[PDB]
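# Residue-level structure breakdown
Next come the chains, spelled out residue by residue.
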Amino acid sequence: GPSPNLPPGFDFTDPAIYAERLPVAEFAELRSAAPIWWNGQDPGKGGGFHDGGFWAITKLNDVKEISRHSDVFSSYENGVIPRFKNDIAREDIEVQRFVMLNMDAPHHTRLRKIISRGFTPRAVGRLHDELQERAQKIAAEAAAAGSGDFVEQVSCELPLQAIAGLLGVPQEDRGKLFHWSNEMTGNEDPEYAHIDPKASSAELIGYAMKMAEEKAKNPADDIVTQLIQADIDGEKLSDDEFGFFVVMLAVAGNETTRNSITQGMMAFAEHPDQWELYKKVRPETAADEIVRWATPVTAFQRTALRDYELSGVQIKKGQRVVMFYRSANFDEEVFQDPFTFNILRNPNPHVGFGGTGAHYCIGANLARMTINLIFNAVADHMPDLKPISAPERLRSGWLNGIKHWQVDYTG
Ligand code: HEM
Ligand SMILES: c1cc(-c2ccc3c(ccn3CCN3CCNCC3)c2)ccn1
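Residues numbered from 1 in each chain as written, not as in the entry; some residues may be left out. Chains lettered and ligands numbered in written order. Heavy atoms only, no water. Residues with missing side-chain atoms left out of burial classes, pairs and counts.

Moving on, we come to helix α13 (residues 239-252). The first and last C-alpha atoms of α13 sit 20 Å apart over 14 residues, in line with the 20 Å expected at 1.5 Å per residue. Every buried residue belonging to α13 is among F242, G243, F245, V246, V247, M248, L249 and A250, and all of these are buried. Buried residues along α13 sit against α5 (107-118), α9 (157-167), α10 (171-183), α11 (197-217) and α12 (223-228). (Helix = DSSP H or I, 4+ residues; strand = E, 2+ residues; numbered from the N terminus. Expected span 1.5 Å × (residues − 1). Buried < 20%, exposed > 50% of the residue type's maximum accessible area, 1.4 Å probe, protein only. Contact = heavy atoms within 4.5 Å.)

Laid out in structure tokens, this is it:
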């Protein structure tokens, strides 16, 4: 059929778009007119990739199919982040292969089994009561300030405390853990231009290796002991593997949940009836509708290891496919009224945590718990909050971020 009605050279990974808005109409145009579409990229404008473009994947069933066929659609070959600075050196993409998100089977399989021996429902539930306390204190301190930046005073801290609690980081070390975690989220936005994620990653690995050595001597009620203790087959994270796991957790556990919280509250501010309902019933289905609405990871990619036909389109060996979770999470064929914010939506088969498959978010239930606990505290302590001014968005080609959002907590 006809080509989609998009500006010439439009690139769905263009960070300049996301600094200002989400390209919702443009994704909807692809879903209607070209649901798998070649996103050409001019020379040097590939965000670190120099292959002329990628396939934009906009439908939820195609996202699931790619996520399920990890034997064809590789994470390792080019990593899963689809956009860096245009001049990033290839070696700096490939160094990301040392974290489990960017590996393939069998290396991925071994690492995930280890990381899931201690990253369990029991381990996550053991954090509930401390995170609930922490959420209530966060919302109370914010309410006591009267007004301020919702991102920094409400959204930022609880995800970081969840990472610290899961790893057993002593309170005296949490400040520098949080600092490293914030540094690692990138430097593509002018506000963050001076951050050095490479150096912070190196500092975190050093910290984590020391922790691994200490905790081997003195086991404790954290997941760490389960990770570095050999099983029957002698399987365990090496000290440097634990280091790369901590890097993985420090980055993955921070900005995505933060941005869920900020955008969830933005949604409630635009849909006051859903906010009234939330405050009365406190439904935990809210968390998934908030992750669907927020889609904190706009997109992750894969690389085809062989020719593969996907929904009538021929994907060729070596081509990238980019899974636009932001489009799939609003797919009219899967969701009833996707552009309605409905905190009781159930079932809610969103792909905010990725498609079912080998790389499905191991932190999904921790994130959901974090979200439910912070929104209960917000409802308890600042039920009448109202925004002062517009959110400031983050310049990124794949993360959907809110840097700042001024709010009057007393309303
Ligand atoms: C709302 C919050 C979050 C969102 C939107 C989110 C999103 C995602 C997505 C889309 C993936 C799929 C990776 C792929 O298929 O290439 C993923 C994987 C992953 N997430 Fe999350 N995530 C969240 C929170 C967390 C938290 C809190 C943690 C850890 C405490 C975490 C750790 C991980 C890890 C380690 C993986 C990689 C798993 C593997 O490669 O086997 N995430 N996440
Ligand atoms: C899964 C994954 C993530 C996730 C993974 C990586 C992530 C972030 C945020 C930043 N990075 C890394 C940034 N890249 C490019 C810029 N240079 C440094 C390296 C989140 C979250 C949840 N679940």
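Turning our attention to the environment of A33. Considering the arrangement of structural elements, one finds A33 in helix α2 (residues 24-33). The class for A33 is partly exposed, based on a relative accessible area of 31%. Distance in space between the C-alpha atoms of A33 and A89 is 35 Å, their sequence separation being 56 residues. Those residues in contact with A33 that sit more than four places away from it in its chain are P2 and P4.

Now for the UniProt feature "binding site: substrate" in the protein. The positions UniProt marks with the feature "binding site: substrate" are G186. Relative to the assigned elements, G186 resides in the loop between α10 and α11. Ignoring anything within four residues of it in the chain, the contact list for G186 reads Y192, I195 and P197. (UniProt positions renumbered as here; feature names shortened; annotations may be inferred.)

Right, let's talk about the UniProt feature "binding site: heme" in the protein for a bit. The positions that UniProt labels "binding site: heme" are, in the present scheme, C361. Among the secondary structure elements, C361 is positioned in the loop between α17 (325-328) and α18 (364-381). Take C361: its relative accessible area is 29%, and that puts it in the partly exposed class.

Residues in close proximity to ligand 2 include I81, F84, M184, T185, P197, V251, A252, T256, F300, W398 and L399, which together make up its full environment. Protein chains bury 82% of the 510 Å² of accessible surface belonging to ligand 2 in isolation. (Near = heavy atom within 4 Å. Areas by Shrake-Rupley, 256 points an atom, 1.4 Å probe, with all protein chains shown as cover.)

What follows is about the sheet that holds strand β12 (residues 406-408). Consider a sheet: its strands pair through backbone hydrogen bonds, and that pairing is either parallel or antiparallel. Here we have three strands laid out as an open sheet, ordered β4-β12-β9, and antiparallel in their pairing. Of all the strands in the sheet, the pair left with one neighbour each is β4 (147-149) and β9 (386-387). Here two bridges tie β9 to β12, and the two strands are oriented antiparallel to one another. Each residue of the ladder has a partner; that of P387, found in β12, is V407. (Pairing = 2+ DSSP bridges.)

With that out of the way, let us pick up the coordination of the iron atom of ligand 1. Note on metal geometry: ideal angles are 109.5 degrees for four donors arranged tetrahedrally and 90 or 180 degrees for six donors arranged octahedrally. No protein donor other than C361 (SG) coordinates the iron atom of ligand 1, and that contact is at 2.3 Å. What the six donor atoms of the iron atom of ligand 1 show is an angle range of 78 to 177 degrees at the metal, which sorts the shape as octahedral. (Donors = N, O, S within 2.8 Å, 3.2 Å for Na, K, Ca; no water. Tetrahedral: all angles 85-135°; square planar, octahedral: opposite > 155°, others 65-115°.)

The next thing to look at is the packing of α9 against α10. Put simply, α9 and α10 touch, their axes get as near as 10 Å, and they point 120 degrees apart. Taken together, α9 and α10 sit at an angle that is classed as oblique. The crossing of α9 and α10 is right-handed. Contacts from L160, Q161, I163, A164 and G165 in α9 reach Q171, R174, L177, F178, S181 and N182 in α10. Classifying every residue of the contact of α9 with α10 gives five nonpolar, five polar and one charged. (Axes fitted to C-alpha atoms, helices over the stretch in contact; angles between N-to-C directions. Parallel < 35°, antiparallel > 145°, perpendicular 65-115°, else oblique. Left-handed = near helix turned anticlockwise from the far one by under 90°. Nonpolar A, V, L, I, M, F, W, Y, C, P; charged D, E, K, R; others polar.)

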